[PDB]
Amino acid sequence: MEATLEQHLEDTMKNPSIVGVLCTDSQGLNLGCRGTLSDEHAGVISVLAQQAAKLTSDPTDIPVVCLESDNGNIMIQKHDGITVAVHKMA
């Protein structure tokens, strides 16, 4: 545990509820993804994370772009300068 980025990807996946993770920073570029998420989603997650921030009249309001549905709900928070994509079961 010198804290590596692939630690957390394998680490948050411990949870039965957590089904996949993916990371991106504002490019559409996959920086590692587990579970349900793959490279198709890197671009889509960035853009909705990116456009949802336009509703931020000004910044420092970090909109976790939560996204409900049948298979699961999908939080999306632009975060530590890197957009994170959790996929839970609620």
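Here, rigid core means the biggest group of C-alpha atoms that superpose within 1.5 Å across both forms. Start at 1 with the first residue shown and count on from there.
Visitor: With the rigid core as the fit anchor, does 39-47 or 53-61 show bigger C-alpha shifts in 4 other deposited structures of this protein?
Guide: With the rigid core superposed, the C-alphas that lie farther in 4 other deposited structures of this protein are those of 53-61.
Visitor: Which wins on mean Cα temperature factor, 3-11 or 81-89?
Guide: In the deposited entry, the stretch with the higher C-alpha B-factor mean is 3-11.
Visitor: Which wins on mean Cα temperature factor, 22-30 or 42-50?
Guide: Higher mean C-alpha B-factor in the PDB entry: 22-30.
Visitor: Can you tell me which third, lowest, middle or highest, the CA B-factor of residue 55 falls into for its chain?
Guide: For residue 55, whose C-alpha B-factor we compare with every modelled residue in the chain, the answer is the middle third.
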